[PDB]
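# Working through the structure, step by step
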Amino acid sequence: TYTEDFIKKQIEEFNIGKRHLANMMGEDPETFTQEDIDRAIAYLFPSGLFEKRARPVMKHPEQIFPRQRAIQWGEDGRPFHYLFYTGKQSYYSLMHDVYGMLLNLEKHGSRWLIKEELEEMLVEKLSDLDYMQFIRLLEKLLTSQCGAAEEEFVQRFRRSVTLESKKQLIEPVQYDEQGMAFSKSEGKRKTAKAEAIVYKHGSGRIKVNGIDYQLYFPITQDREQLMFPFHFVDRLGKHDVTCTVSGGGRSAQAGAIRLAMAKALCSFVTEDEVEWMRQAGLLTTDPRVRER
Amino acid sequence: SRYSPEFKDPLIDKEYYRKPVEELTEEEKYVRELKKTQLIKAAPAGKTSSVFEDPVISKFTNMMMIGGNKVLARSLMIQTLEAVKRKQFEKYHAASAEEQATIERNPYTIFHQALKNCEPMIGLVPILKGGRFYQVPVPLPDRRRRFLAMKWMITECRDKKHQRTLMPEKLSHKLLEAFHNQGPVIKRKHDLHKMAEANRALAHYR
Amino acid sequence: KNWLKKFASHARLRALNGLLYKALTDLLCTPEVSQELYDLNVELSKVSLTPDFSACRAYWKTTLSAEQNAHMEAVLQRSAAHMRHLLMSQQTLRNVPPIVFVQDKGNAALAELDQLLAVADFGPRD
Amino acid sequence: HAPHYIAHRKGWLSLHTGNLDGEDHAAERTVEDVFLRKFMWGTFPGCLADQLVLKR
């Protein structure tokens, strides 16, 4: 067990060690920060162990050692919080606040906070059912015409899961020396790697490694594959393509080219068509590869 | 599988997306909105938005394939279609004025109708309960009979009594016989529907 | 008897099976149990008594619809106890074990097979 | 820690260039390591609290 005197001595030792490390690395001890400590300890004690926690670490004793309870009452004996005797002062204080916000309104891409990190925020163990009750209150608050402060309060209890699955990244339109607008993109299928350049205006001329596509791809199926992206958005005969592919085989090269042309063509179609191409599987790298 | 459970299979249908927002119902609107969040698998080599795509012929080609040789399988399928088309044109030019209205020259129509004429409606299931195997009848799912038509056609065309007749010519002849409700495959369907009628009492065992 | 507290608080087997089959069919023939049960027209296939006489399983023929099957099952399960009471009150049997209604899935097979065989194609003149 | 943690949590007791791609004399260094470990364990009996670290 770690007595408070032990933690105090550890804090003093860490401060002196921080000043020593700043002396060693030539940096000013005053502005020396934890990122600087991490960089310096990575330089001085190089360790490529895969486990980041098995590497040398110089952290504040507060961070590295566990924590303890807080005092809930002073020497007079009176608890600080008015909901102390419930035994769940933090949770019920939060519920009380939410109910007051709902009363005020009644007078007038992301994920819900999960139970364990709610416990961390409240610093109180709570059951499943009371977690559900809190989440139902939060949902009820969201449904109402919540204001700015209310939306911030709700944002306190919602982390991110990312909404970018909606949106594929659109390449920027570049200009060649002739003044023709084009867009470049890359794709990969098995070991085949392709880079395509799609010109805004064209007549459907596709050049693979400086060769016409029907001569590079004798098999009809590969030409079907190259046709798929433009055909999907009804833009056959409206672009010129200059692609370079390397590695893989016949079908892997065809698929890599198809992905590269789809990603490059994303620049010249509407956002709705970008989403449609995404839902058709035309913008997703195929990860299926040979297993060991 | 290298795809996680989140990934969903893509929808290659080109006319689905062009459907107007006005025609969308609330349910279909919700499905469309939901799909936006979801991760989609890369479309596989094969199906395409091409207007000539035929899933039935693609499956037949995949079932003729041996050892991953899809180029040869597709070559055989296209040769079979060409042979069917040429035989129908030959039969059409030698026909009277009135007989030319009832000669089909579209090979895809003939192929689909031939595979429809070979589908068994009912089948048999080996079930040994009393120490003796009992073949009980069962009605087949649509997928099962659709598969059985193709499997019987391919097995019939691979039979070794057909000696040095190349695959496209055998397959076209079998398809044109099955188009007119003739040939050994229609007989195999009938002799299954008869062995499933001669055991209509064993159904209760199921 | 102070009922308020109580409420608040093998050849022989085949003969009994046949007797209970006839009795349960004749009970289902009328609104004696309830009008809702009568309107359903529930048909029984057989009656099977467990070898220790702890339960009487009455197998009722299911229909093709699913919502009808669920409604029939609900009504039958709700009416089992009253049927047991009537069977003992009419003295068809002195003691009747609890009645369990079990769907029969051996009839749908023959129905669907006849449906398929009535439109299937057979060989020339065969 | 078990042998399958040798590059994850543990390190290597001996360090030299022999086992690198293109280098030579791996076997010589290994035999030297074995003799060094036996010699030290016999010359410091009951003193060594942990394994030796042979650096080159």
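Residues numbered from 1 in each chain as written, not as in the entry; some residues may be left out. Chains lettered and ligands numbered in written order. Part of a larger assembly, values for the part shown. Heavy atoms only, no water.

The deposited coordinates derive from cryo-EM, with the record listing a resolution of 2.85 Å.

The name recorded for chain D in the PDB entry is 28S ribosomal protein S24, mitochondrial, from Homo sapiens. This entry's official PDB title is "Human mitochondrial small subunit assembly intermediate (State E)".

In the nomenclature of the PDB entry, chain C is known as Putative ribosome-binding factor A, mitochondrial of Homo sapiens.

Before going further, it helps to examine the overall build of chain C. The number of helices and strands found in chain C is five helices and three strands. Sequence-ordered secondary structure for chain C, helices as α and strands as β, is α-α-α-β-β-α-β-α. Relative to the globule expectation of 14 Å for 126 residues, the C-alpha radius of gyration of chain C, 19 Å, shows a markedly less compact shape. When the backbone C-alpha atoms are referred to their principal axes, chain C occupies close to 75 × 35 × 25 Å. Put simply, chain C shows about 8100 Å² of open surface, and 54% of that area lies on carbon and sulfur atoms. Considering chain C, the positive charge centre built from 14 side chains and the negative charge centre built from 13 side chains are found 17 Å apart. (Helix = DSSP H or I, 4+ residues; strand = E, 2+ residues; numbered from the N terminus. Rg over C-alpha atoms; globule rule 2.2 N^0.38 Å. Areas by Shrake-Rupley, 256 points an atom, 1.4 Å probe, with all protein chains shown as cover. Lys, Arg positive; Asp, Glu negative; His and termini not counted. Charge placed at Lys NZ, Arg CZ, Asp CG, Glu CD.)

On to the arrangement of the chains, then. In this assembly, three pairs of chains are in contact, and the pair contributing the most contacts is chains A and B. The two units chain B and chain D are non-contacting; their minimal C-alpha-C-alpha distance is 25 Å. (Contact = heavy atoms within 4.5 Å.)

Moving on, we get to the packing of helix α11 (residues 271–279) of chain A against helix α2 (residues 26–37) of chain B. For the pair α11 of chain A and α2 of chain B, interaxial distance at closest approach is 10 Å and the crossing angle is 80°. Judged by the inter-axis angle, α11 of chain A sits roughly perpendicular to α2 of chain B. On α2 of chain B, the residues touching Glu275, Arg278 and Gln279 of chain A of α11 of chain A are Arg32, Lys35 and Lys36 of chain B. When grouped by side-chain class, the residues that make up the contact of α11 of chain A with α2 of chain B number no nonpolar, one polar and five charged. (Axes fitted to C-alpha atoms, helices over the stretch in contact; angles between N-to-C directions. Parallel < 35°, antiparallel > 145°, perpendicular 65-115°, else oblique. Nonpolar A, V, L, I, M, F, W, Y, C, P; charged D, E, K, R; others polar.)

By size, the foremost hydrophobic cluster in this structure holds 35 residues, and its most contacted members are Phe232, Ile257 and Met277 of chain A. Discounting residues that sit within four places of it in the chain, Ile257 of chain A has contacts with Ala194, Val208, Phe217, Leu226, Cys243 and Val245 of chain A. By size, the runner-up hydrophobic cluster in this structure holds 27 residues, among which are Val47, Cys56, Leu93 and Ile99 of chain C. (Core = buried A, V, L, I, M, F, W, Y, C linked by side-chain atoms within 4.5 Å. Buried < 20%, exposed > 50% of the residue type's maximum accessible area, 1.4 Å probe, protein only.)

With that settled, the discussion passes to the interface of chain B and chain C. Taken together, the contact pairs 13 residues of chain B with 15 residues of chain C. When chain B packs against chain C, the two sides together hide about 1400 Å² of surface, and 68% of this comes from carbon and sulfur. Our enumeration of links across chain B and chain C arrives at three salt bridges. Across the pair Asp114 of chain C and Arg200 of chain B runs a salt bridge, and its minimum N-O distance is 2.2 Å. The tally of links from chain B across to chain C stands at four residue pairs in polar contact. Among the secondary structure elements, those contributing two or more residues to the side of chain B that touches chain C are β2 (133–139) and α8 (184–195) of chain B. A total of three residues in the side of chain B that touches chain C trace back to one element, the largest contributor, which is α8 of chain B. Considering only residue class, the side of chain B that touches chain C consists of six nonpolar, three polar and four charged. (Buried area = accessible area lost by both parts, 1.4 Å probe. Salt bridge = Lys/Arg side-chain N within 4 Å of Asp/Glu carboxyl O. Polar contact = N/O pair within 3.5 Å; in protein donor to acceptor, adjacent residues only side chain to side chain.)

In this section: the layout of surface pockets. In this structure, the largest pocket encloses a volume near 730 Å³. As for the largest pocket, its lining consists of 26 residues, and the residues nearest its centre are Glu53, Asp54, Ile57, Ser58 and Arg74 of chain B. If you list the elements that add at least two residues to the lining of the largest pocket, you get α9 (220–232) of chain A together with α3 (55–64), α4 (70–93) and α5 (107–117) of chain B. Its residues placed into classes, the lining of the largest pocket shows nine nonpolar, eight polar and nine charged. Empty space within the second largest pocket amounts to approximately 480 Å³. Residue lining of the second largest pocket: 22 residues in total, with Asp272, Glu275, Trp276 and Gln279 of chain A together with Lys36 of chain B positioned closest to the centre. Of all the secondary structure elements, the ones that give two or more residues to the lining of the second largest pocket are α11 of chain A together with α2 of chain B. With six residues, α11 of chain A is the largest single contributor of residues to the lining of the second largest pocket. (1 Å grid on protein atoms, 1.4 Å probe; cavity = no way out; pocket = protein on both sides within 12 Å on 5 of 7 lines; lining within 4 Å. Points joined across faces, edges and corners; volume = space filled by probe spheres on them.)

So, on to the sheet that holds strand β1 (residues 44–49) of chain C. Residue and element names in this part refer to chain C. Pairing is mixed across the open sheet formed by three strands, whose spatial order is β1-β2-β3. Every interior strand has two partners, whereas the edge strands, β1 and β3 (99–104), have only one. Each neighbouring strand pair of the sheet contributes to a mean axis angle of 25°, computed without reference to strand direction. As paired strands, β1 and strand β2 (residues 56–61) are joined by five bridges and run antiparallel to one another. Looking at β2, one finds that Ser48 is bridged to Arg57. Across the sheet, helix α2 (residues 11–28) is in contact with β1, β2 and β3; its angle to β1 comes to roughly 140°. (Pairing = 2+ DSSP bridges.)

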